[PDB]
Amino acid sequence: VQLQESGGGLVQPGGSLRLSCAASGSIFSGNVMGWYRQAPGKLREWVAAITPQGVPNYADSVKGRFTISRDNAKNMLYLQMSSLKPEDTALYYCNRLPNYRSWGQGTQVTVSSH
């Protein structure tokens, strides 16, 4: 039971990023894991998930652009994010499904032009 996201930052649109989450083995092992984001003025929205066998699935808002993967040997979860729009600006969070009720700190992703 610990959740730690890193890898976020500020980018121009069309940029990509690789989010990481170190999860404790209690959380990770044998569990579906997933990514979430929380944009300003909105509540946490589910973004993606992936079974312990590696079957991914995604939210319509990000399908085609994002890729979720897991390293089962390192209790690690990743979100490869491409073609970033300003709409994807949010704190990103990782967790098992169903959720452990204490969330990690999350990692800030900010997308904005120029």
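Residue indices: 1-based, along the sequence shown.
For the pair 81 to 89 and 26 to 34, the mean Cα B-factor is higher in 81 to 89. Of the residues listed, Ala73, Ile50, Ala59, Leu43, the entry assigns the biggest Cα temperature factor to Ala73. The entry lists a Cα temperature factor for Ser16 that places it in the highest third of the chain's modelled residues.
The PDB entry assigns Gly9 a C-alpha temperature factor belonging to the highest third of its chain's modelled residues.
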